[PDB]
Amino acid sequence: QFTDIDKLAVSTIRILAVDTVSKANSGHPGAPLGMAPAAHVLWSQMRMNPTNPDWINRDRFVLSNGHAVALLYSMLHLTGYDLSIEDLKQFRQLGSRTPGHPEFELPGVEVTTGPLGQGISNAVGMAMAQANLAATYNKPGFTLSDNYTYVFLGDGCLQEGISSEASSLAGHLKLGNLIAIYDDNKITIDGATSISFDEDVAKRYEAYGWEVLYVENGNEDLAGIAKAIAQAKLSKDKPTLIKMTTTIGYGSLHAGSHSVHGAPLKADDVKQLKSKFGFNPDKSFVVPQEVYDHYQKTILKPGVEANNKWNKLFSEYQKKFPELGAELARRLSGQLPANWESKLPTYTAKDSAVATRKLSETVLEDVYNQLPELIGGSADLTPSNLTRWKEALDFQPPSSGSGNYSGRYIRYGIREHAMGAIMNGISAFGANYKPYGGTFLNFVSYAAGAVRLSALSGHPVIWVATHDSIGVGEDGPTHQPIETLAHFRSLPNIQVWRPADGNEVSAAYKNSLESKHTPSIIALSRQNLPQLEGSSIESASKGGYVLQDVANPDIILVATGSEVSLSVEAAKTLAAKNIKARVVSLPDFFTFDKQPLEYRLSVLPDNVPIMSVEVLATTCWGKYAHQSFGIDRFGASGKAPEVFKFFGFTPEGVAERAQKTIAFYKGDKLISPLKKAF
């Protein structure tokens, strides 16, 4: 039952968003105006604490149509979050807390959106995390977890393939606490949706197993919107999509036109809009006191009290369940178990040779019990990635018969992109969730859109990327990575691990799991590799180190993964020719670059030629080596050993190129590629 104060709040939201966009003379007024009614109704019935944006059991909201951020900033301010009118007055300005698209860093913003399709996919992950948390910690009389996951999205998100992947999986998973509101306004940047998007959205979502509800007049029907949301909560066995029809830019002289999608409304348009809603056309950023009072009473105080009651319930829970209570308390503090790394496998040169793919499997087997927050999965490559521990229980709806929500292994299906965004959502949920997902390194590229946000937002997600090179063999070039590592090494804030042996694999996992703000891609091989003499978790955790040292080397061979052992063998060939080669292992560029310059230079000093060895593109190696031996063309379908030889990657081949490099620089003064002039 909504009254005049509710209508006033809606007008306030609409005008505040418009003023925000107008002052910036940049931004999108359309969707904010169209979705204001829904924002008011939804937020007014959400259980959250504006004074504690991190409350674990808060209902969560995701703006998948991120360009409509002026609406989110308006809601954040109006409902009590730490965002002021001045912040809104700095919308889209260098260094403000109000960037042109929602950023994870801001309190109240659950994830970074802007790239269409990501938000809704993130929400699927949030709902999955909630389901697991509840199934793992809830007890009779102690409902610690039961929040809802709300999402706003438009035609753009519905067209991006990632949302189809995520929605198909969400339907299979029967995520009944996931509720999405679709802004059905029939407009996109190119004009009417009919010119490129006339599918039956409702029918498609029902096909995924979603319940689809409708709100014919999303422009004014507050009760209808409220009723749809209420109904969505009743279908606990199906995620729900609410097709809410609205007029983009409602209120504007050009409402319903693509022109109001992403350009500020003209001054006179804003004036008539305000007058129309009973506001002074000559005033801006106006918030009637009655509106603040209303939200204080309907959202803020009730939210603070809900959080209060929850803290009381959790306090008692820890007394009732000391172990589970301490476990969750630890997770909420964002810390892994003390000395958890002690369970990471260690090796010596005496141990047998193992593929890093298998070594990875062993690490997972040795730490999954120690890390209850660890949630794994694979994009339909479980037997190939070796990402599922022996007695794992799959994350599935109870009715499946293949597992339940307390399960910790996700069957993502052939959906890399959605897996990437879902992991971001699981990570964003909190409670120290540590999601990891497996697939072939070459197909991690299918999820670049999501991986980029993992890096930008700082979601510590982990990609277990096996079959890292031509070592794949027979499957051929369409399956053999060449540009993949160079790509992500060029992406800020992402670890790109390529472990050479057992100890390096443990270091990769150690650093990846302890990471709080940096995602990780761990590139693994399927071919067997020997346990290197000189490797250790401690040294490899530095991203780069001297594996095999020698006094006054004639050359330094810097390599990664499978090529480190190759370089060690090449060193033997060189030694047989009275040539000294120091071998450097560079497990991770990112981690290495984080070390002090002093250390990095001790690894890659001046006065000695440095040649890199890695069976992938050489484009990214200029930062560490003078010359590079790699592959800058596509692969080949053939037995792995034969393919390596085809490309010249044999001990002799490396040694020969080392000799050429030595002769090439004889008599020259060499400077470490690490030294910069500014």
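Numbering starts at 1 and runs along the sequence shown. So that the term is clear: the rigid core is the largest set of C-alpha atoms that superpose within 1.5 Å between two forms.
Do the Cα atoms of 344 to 352 stray more than those of 517 to 525 in 5 other deposited structures of this protein, or is it the other way round, with the core held fixed? Between the two stretches, 344 to 352 moves farther in 5 other deposited structures of this protein.
Greater mean Cα temperature factor according to the PDB record, 228 to 236 or 447 to 455: Mean B over CA atoms: larger for 228 to 236.
Looking at the deposited entry, does 145 to 153 or 306 to 314 carry the larger mean Cα B-factor? Here the higher of the two C-alpha B-factor means belongs to 306 to 314.
Report the option among 536, 185, 439, 480 whose CA atom has the maximum B-factor in the deposited record. Each of 536, 185, 439, 480 was compared by C-alpha B-factor; the highest is 536.
Largest Cα B-factor, entry values, listed residues 470, 131, 116, 253: Max CA B-factor in the entry, restricted to 470, 131, 116, 253: 253.
Taking the values exactly as deposited, rank residue 165 by C-alpha B-factor within its chain and report the matching third: lowest, middle or highest. For residue 165, the deposited C-alpha B-factor lands in the lowest third.
Would you check the entry's CA temperature factor for residue 637 and let me know if it's in the chain's lowest, middle or highest third? According to the entry, residue 637 has a C-alpha B-factor in the chain's lowest third.
Consider only the C-alpha atoms of the modelled residues in this chain, order them by B-factor as the entry records it, and name the third containing residue 174: lowest, middle or highest. Middle third, going by the recorded CA B-factors of the chain.
Would you mind ranking residue 108 by its C-alpha B-factor against the rest of the chain and naming the third, lowest, middle or highest? CA B-factor rank for residue 108: middle third.
Going by the entry, which third of its chain does the Cα temperature factor of residue 619 land in? For residue 619, the deposited C-alpha B-factor lands in the highest third.
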